[PDB]
Amino acid sequence: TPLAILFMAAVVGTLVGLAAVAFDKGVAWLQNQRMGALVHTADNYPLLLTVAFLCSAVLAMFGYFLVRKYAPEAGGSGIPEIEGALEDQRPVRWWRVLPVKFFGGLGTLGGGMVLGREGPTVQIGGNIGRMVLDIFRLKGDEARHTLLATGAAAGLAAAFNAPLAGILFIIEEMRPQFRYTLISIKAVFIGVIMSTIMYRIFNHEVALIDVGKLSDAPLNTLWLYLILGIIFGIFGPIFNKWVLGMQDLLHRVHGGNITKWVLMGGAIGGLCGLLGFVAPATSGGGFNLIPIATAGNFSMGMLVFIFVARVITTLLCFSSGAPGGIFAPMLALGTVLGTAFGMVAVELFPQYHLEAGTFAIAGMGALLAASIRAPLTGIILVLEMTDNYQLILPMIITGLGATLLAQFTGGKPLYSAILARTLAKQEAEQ
Amino acid sequence: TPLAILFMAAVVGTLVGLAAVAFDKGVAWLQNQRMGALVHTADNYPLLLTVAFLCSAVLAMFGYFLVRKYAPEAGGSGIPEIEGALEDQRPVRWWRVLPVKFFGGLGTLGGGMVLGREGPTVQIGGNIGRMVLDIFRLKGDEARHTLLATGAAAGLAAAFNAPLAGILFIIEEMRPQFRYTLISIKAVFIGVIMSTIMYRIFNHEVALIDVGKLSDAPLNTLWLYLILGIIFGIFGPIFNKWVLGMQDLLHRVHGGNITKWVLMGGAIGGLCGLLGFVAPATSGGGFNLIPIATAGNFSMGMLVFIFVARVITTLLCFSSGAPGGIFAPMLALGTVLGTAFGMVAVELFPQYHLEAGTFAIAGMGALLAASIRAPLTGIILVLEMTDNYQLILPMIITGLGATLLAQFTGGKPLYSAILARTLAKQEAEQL
């Protein structure tokens, strides 16, 4: 028991790391095979349109048919039904939700949707941490929570190569009333470290969005980051309302009717699959359009069209009950709004010698701190994904001036809203 | 009021890191200026060994005369005083120790000594986090020990660029079964991540001391890393008793006698300067020979020579009370034994088709796992320093076997044995 739960945490770490890197490799393989089949025939334009449309719609409806038939809790980004599962409601079951998330989320994520590559694996981690817990028959009460939390943290630490954010996101989703034991936090630590080690064995790159060397921001332009924090704080609790107002709408237009729900899912996967070809910087995981939008490459007249198309696809494709989270779409939806304000700022203030590149890095985690209201795992997640650490002072300002002002306007966090809605729908069955 | 204690921990995390990179810039600048002064006048040997015994020895008398006149609790490895300060004893008075530990441990470590740059910055972290708590005059015993553990976890993470291994030493060097609040662990994390961010802001590096990607480790050769763990397990507590015995012998040969103590410190610094000049890899911070000894460069006789010489000089120049910590040179003293075991293995089993590099990495976090008895921060520290993550299973096998044999035969961790010895000694001196 004492020095065995640490070995259990090590098994959780290596299994979640291997599953996350296999999920990433399968998604990359499906995307590369899809674009290879696109280049394989190059005769005319509408045939290429329909072969990019019907494919990745069949691949999306495969994932939709697998989720809406076998396990209904896999739809909805994974962090709901693991935050409640950290409590004693909405339980997890690896015999149902673990295979469907992997083998029907890799298809609908690598097909070309605008879904996230963190949401599936952050629930894959918790379900593995429950699976290898219960298959050893290690009975307990706190042991279940400290073998579920290490999986729920490892599923992010092996997802974004960020252990310092992978532990902080599972810290900032707890209750500070009761204090915790030293064996539990060590069981989280060992699982996080084994998962990021099993991630770093396969892949070697220490960055994830290679923007590279940038310019520092002096103290004369520091207040514009606080102004951008005010913009992100007044934009924070509106996107959550848009998600929660599109979710009941997409459920209303296809109430019940699984064989119609998967046709709606195919029709919404084919749209973003076509948009991945006709104009590729509006759909996908976002990492194909973040380093293009950090440096100045997008025009101002095209940037608002990119932002509007981006929000209208990341509302309408995720919220229909799809296997994907909001860490990968939001980290591009924030940086587009960041580089727009950066272009306006460099056009407005010539006496600062500033560029819009640092304003794009200083707006990635701003939306992640204004919507999820977790401002300590946005900043370090950004500074571990991209590597320009030098804008740490114009990142904490636009984080804690965004969430502090969004607290005053009134708005619940997103994962404490989807979980609240499904907790109402749990007791509202009879 | 907690948000304020989180901002307090942010002040600790931004002061440490800056202080650690200032310490690193100072020790590198002093070593570079000594290397430049050795080649300015480069006529012959006897007019250069005398200046190598003059400088990097007056720089040792400087640190010794600092640490013996102003604050005597700053002398020796740093971190056992922080281990005492995490309990309700050994008061870390920052006005006495922070103007002496930095300004003497940059000198006695830029003097080419055998010591390491982890101890004198983990105590700098703890003393900074104890300084900022009284300068804001917000009291509380649970409001304290969250700015002391914050600095003690900040110092190591800014020393070795290891924000993962910087927390787990504080995890594994605290009391078990004691429940800790979420505000405390968040105040630890804020200091850790600020202390690695404002470390990596200056010296842009992908890692610390590097070999590159070595070979992989197949499943057939895991039966030999356990034997290496057996060797480090029977070596560890003997090394810890060697440290304590050399400390007792040096205090026997110098009881009090501050002028003779700083003269012995000058002689013991000039010794390191001379042996560092005549041989490029037998002294230093244990970082200038780990890439040399990991790849195949040395012969086996030269390897046992550098191992015996470093075993001599680590005990001989650490237990004299100089401001330096044995947490960096233990890595080099372990990896010379690891590459010696690899040199035995490439001759005894040539059909395994392995080289001595994959056994030179698994000796770094083995002596640090045996003589310190914290294996889950010696497994991760090596993988954070050298970026060859592809051997995690041999490091786990070697570390677990080393701590298993070190616990079976017996012995105490060094950073707790030194603390227990000085806690007995101070009450033996008083009353």
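Residues numbered from 1 in each chain as written, not as in the entry; some residues may be left out. Chains lettered and ligands numbered in written order. Heavy atoms only, no water. Residues with missing side-chain atoms left out of burial classes, pairs and counts.

Trainee: Looking at this structure, how should I read the overall build of chain A?
Mentor: When you go through chain A residue by residue, the secondary structure sums to 21 helices and zero strands. Radius of gyration (C-alpha) of chain A: 21 Å, near the 22 Å computed for a compact globule of 430 residues. Projected onto its principal axes, the C-alpha positions of chain A cover 65 × 55 × 45 Å. Across chain A, the fraction of contacts at a sequence separation of at least 24, relative to all contacts at a separation of at least 6, is 83%. (Helix = DSSP H or I, 4+ residues; strand = E, 2+ residues; numbered from the N terminus. Rg over C-alpha atoms; globule rule 2.2 N^0.38 Å. Contact = heavy atoms within 4.5 Å.)

Trainee: So what exactly am I meant to see when it comes to the overall build of chain B here?
Mentor: In terms of regular secondary structure, chain B is built from 21 helices and zero strands. Computed over the C-alpha atoms, the radius of gyration of chain B is 21 Å, within 12% of the 22 Å expected from 2.2 N^0.38 for a compact globule of 431 residues. Counting only contacts in chain B whose residues sit at least 6 apart along the sequence, the fraction spanning at least 24 positions is 82%.

Trainee: Just to check I follow, could you spell out the UniProt feature "binding site: chloride" (unreviewed entry) in chain B for this structure?
Mentor: Residues and elements named next belong to chain B. Sequence positions flagged by UniProt for "binding site: chloride" (unreviewed entry) are, in local numbering, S77, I326, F327 and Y415. In summary, the annotated positions, though distributed over 339 residues, converge in three dimensions, the widest C-alpha pair being only 10.3 Å. Checked against the element boundaries, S77 lands in the loop between α4 (58-69) and α5 (79-85). Discounting chain neighbours no more than four positions away, the residues touching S77 are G119, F318, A322, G324, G325 and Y415. Considering the arrangement of structural elements, one finds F327 in the loop between α15 (300-318) and α16 (329-348). (UniProt positions renumbered as here; feature names shortened; annotations may be inferred.)

Trainee: So what exactly am I meant to see when it comes to helix α11 (residues 223-253) of chain A here?
Mentor: Residues spaced three or four apart along an α-helix point in a common direction, a consequence of the helix completing one turn every 3.6 residues. Between its first and last C-alpha atoms α11(A) spans 45 Å; for 31 residues at 1.5 Å apiece the expected length is 45 Å, and the two agree. Taking the largest bend as the criterion, α11(A) deviates by roughly 25°, centred on A:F235, and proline A:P237 comes between one and four positions later. (Expected span 1.5 Å × (residues − 1). Bend = angle between axes of the 7 residues up to and from the residue.)

Trainee: What is the right way to look at the side chain of B:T313 in this model?
Mentor: Residue and element names in this part refer to chain B. Here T313 is to be found in helix α15. Classification of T313 by relative accessible area gives buried; the value is 3%. Beyond its immediate sequence surroundings of up to four residues, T313 is in contact with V114, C272, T282 and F318. (Buried < 20%, exposed > 50% of the residue type's maximum accessible area, 1.4 Å probe, protein only.)

Trainee: In this structure, what is going on with the interface of chain A and chain B? I would like to understand it.
Mentor: Quoted interface sizes are often the accessible area lost when the parts come together. Between chain A and chain B, the contact holds 32 residues from the first and 32 residues from the second. The set of elements that each furnish at least two residues to the side of chain A that touches chain B consists of α9 (163-171), α10 (182-202) and α18 (379-385) of chain A. If you tally residues by element for the side of chain A that touches chain B, the top one is α10(A), at 12 residues. Each residue belonging to the side of chain A that touches chain B can be placed in one class, and the counts come to 23 nonpolar, four polar and five charged. (Nonpolar A, V, L, I, M, F, W, Y, C, P; charged D, E, K, R; others polar.)

Trainee: Help me understand unusual backbone geometry, please; the structure alone is not making it clear to me.
Mentor: A negative phi angle is the norm for most residues apart from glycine, just as the trans form is the norm for most peptide bonds. Residues and elements named next belong to chain B. Here the phi dihedral of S77 falls at roughly 70°; this positive angle occurs in a residue that is not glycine. Residue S77 is classed as buried on the basis of its relative accessible area of 2%. Unusually for a residue other than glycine, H145 sits at a positive phi of about 70°. Within the secondary structure layout, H145 lies in the loop between α8 (119-135) and α9 (148-159).

Trainee: Looking at this model, I keep getting lost on the side chain of B:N240. Mind explaining?
Mentor: With respect to the element layout, B:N240 can be found in helix α12 (residues 222-253). Excluding residues within four positions of it along the chain, B:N240 makes contact with B:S371, B:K412, B:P413 and B:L414.

Trainee: Got a minute to help me understand the pattern of salt bridges in this structure?
Mentor: Side chains bearing opposite charge may pair, as long as their charged atoms lie close to each other. All names here are of chain A. Taken as a whole and assessed by the stated rule, the structure comprises 13 salt bridges over all chains. Residue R93 is joined to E73 by a salt bridge in which the shortest nitrogen-to-oxygen separation is 3.6 Å. Residue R93 is located in the loop between α4 (83-86) and α5 (97-103), and its partner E73 is located in the loop between α3 (58-70) and α4; the two are separated by 20 residues in the primary sequence. We classify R93 as partly exposed; its relative accessible area is 30%. Assessed through its relative accessible area of 4%, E73 is described here as buried. The shortest N-O distance in the salt bridge between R144 and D141 comes to 3.5 Å. In this structure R144 comes out as partly exposed when scored by relative accessible area, which is 25%. (Salt bridge = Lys/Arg side-chain N within 4 Å of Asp/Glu carboxyl O.)

Trainee: I keep staring at the UniProt feature "binding site: chloride" (unreviewed entry) in chain A and nothing clicks. Help me out?
Mentor: All names here are of chain A. The UniProt feature table records "binding site: chloride" (unreviewed entry) at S77, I326, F327 and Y415. The buried category is assigned to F327, whose relative accessible area is 1%. The contacts of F327, once residues within four sequence positions are left out, are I79, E118, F160, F169, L368, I372, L381 and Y415. Looking at where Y415 falls in the secondary structure, it is placed in helix α21 (residues 415-427).

Trainee: Help me out: how do you make sense of the packing of aromatic side chains in this one?
Mentor: For any pair of aromatic rings, the description rests on two quantities: the centre-to-centre distance and the angle between the ring planes. Residue and element names in this part refer to chain B. Scanning the entire structure with this criterion turns up 27 aromatic pairs over all chains. Ring-pair connections join several aromatic residues into one group, and the members of that group are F160, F169, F287, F327 and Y415. Taking NZ or CZ as reference, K25 lies 5.1 Å from the ring centre of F202, over its face. (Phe/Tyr/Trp six-rings, centres within 6.5 Å; stacked < 30°, edge-to-face > 60°. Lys NZ or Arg CZ within 6 Å of the ring centre and 35° of its normal.)

Trainee: Where do I start with the packing of helix α1 (residues 5-40) of chain A against helix α7 (residues 119-134) of chain A in this structure?
Mentor: The relative placement of two packed helices comes down to the angle between their axes together with the axis-to-axis distance. Residue and element names in this part refer to chain A. At a closest axis distance of 9 Å, the pairing of α1 and α7 adopts a crossing angle of 145°. You can see that α1 and α7 cross each other, and the crossing is right-handed. Packed against α1, whose contacting residues are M8, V11, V12, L15, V16, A19, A20 and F23, the element α7 presents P120, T121, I124, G125, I128, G129 and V132 at the interface. Split into classes, the residues belonging to the contact of α1 with α7 amount to 12 nonpolar, three polar and no charged. (Axes fitted to C-alpha atoms, helices over the stretch in contact; angles between N-to-C directions. Left-handed = near helix turned anticlockwise from the far one by under 90°.)

Trainee: Quick question: what am I supposed to make of the environment of A:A420 here?
Mentor: Mapped onto the elements, A:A420 comes out in helix α21. Between the C-alpha atom of A:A420 and that of A:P80, which follows or precedes it by 340 residues, the distance is 9.0 Å.

Trainee: Even after reading the chapter, I still don't get the packing of α3(A) against helix α12 (residues 258-278) of chain A, so can you show me in this structure?
Mentor: Residue and element names in this part refer to chain A. Look at α3 against α12: their axes get within 8 Å of each other, and the N-to-C directions meet at 145°. Taken as a pair, α3 and α12 cross one another with a handedness that is right-handed. Of the residues in α12, those touching α3 at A60, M61, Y64, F65 and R68 are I258, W261, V262, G265, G266, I268 and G269. Here the contact of α3 with α12 is composed, by residue class, of eight nonpolar, three polar and one charged.

Trainee: It is not clear to me how helix α20 (residues 402-409) of chain A should be interpreted in this structure. Could you clarify?
Mentor: Residues and elements named next belong to chain A. For α20, every residue scored as buried is listed here: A402, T403 and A406. Looking straight down α20, one finds its buried side chains confined to an arc of 85°; they lie on one side. Within α20, the exposed residues directed more than 90 degrees away from the buried face are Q407 and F408. On its buried face, α20 is in contact with α11, α17 (364-371) and α19 (393-400). (Arc of directions from axis to C-beta.)

Trainee: For this particular structure, what's the right way to read the nonpolar core?
Mentor: Across soluble globular proteins, nonpolar side chains show a tendency to be buried alongside one another. B:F160, B:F189, B:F327 and B:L331 are the most contacted members of the largest nonpolar core, which has 153 residues in total. Apart from the residues lying within four places of it in its own chain, the contact partners of B:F327 are B:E118, B:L156, B:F160, B:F169, B:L368, B:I372, B:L381 and B:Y415. Ranked by size, the runner-up nonpolar core spans 95 residues in total, among them A:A154, A:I209, A:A217 and A:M330. (Core = buried A, V, L, I, M, F, W, Y, C linked by side-chain atoms within 4.5 Å.)

Trainee: Sorry, what's going on with the environment of B:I292 here?
Mentor: Structurally, B:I292 is set in helix α14 (residues 290-294). The spatial distance from the C-alpha of B:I292 to the C-alpha of B:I135 is 46 Å, given a sequence separation of 157 residues.

Trainee: It is not clear to me how a nonpolar patch on the surface should be interpreted in this structure. Could you clarify?
Mentor: Residue and element names in this part refer to chain B. A surface patch of nonpolar side chains, about 490 Å² in accessible area, is lined by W223, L226, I227, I230, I231 and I234. Mapped onto the elements of the fold, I227 is located in helix α12. According to the relative accessible area criterion, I227 is partly exposed, its value standing at 35%. (Patch = residues over 30% accessible without salt bridge, like charges linked within 9 Å, V, L, I, M, F, W, Y side chains within 5 Å. Areas by Shrake-Rupley, 256 points an atom, 1.4 Å probe, with all protein chains shown as cover.)

Trainee: Mind showing me how you'd approach the state of the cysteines here?
Mentor: Working definition: the covalent bond between the sulfur atoms of two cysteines is a disulfide. All names here are of chain A. According to the stated counting rule, one finds zero disulfides over all chains in the structure shown. In this structure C55 is not part of a disulfide, and its nearest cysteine sulfur, from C272, lies 13 Å away. Its relative accessible area of 38% is what places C55 among the partly exposed residues. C272 provides the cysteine sulfur closest to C317, a residue in no disulfide bond, and the two sulfurs are 4.1 Å apart. (Disulfide = S-S within 2.5 Å.)

Trainee: Can you help me understand the environment of B:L148 in this one?
Mentor: Here B:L148 is to be found in helix α9. Aside from chain neighbours lying at most four places away, what touches B:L148 is B:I82, B:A85, B:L86 and B:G126.

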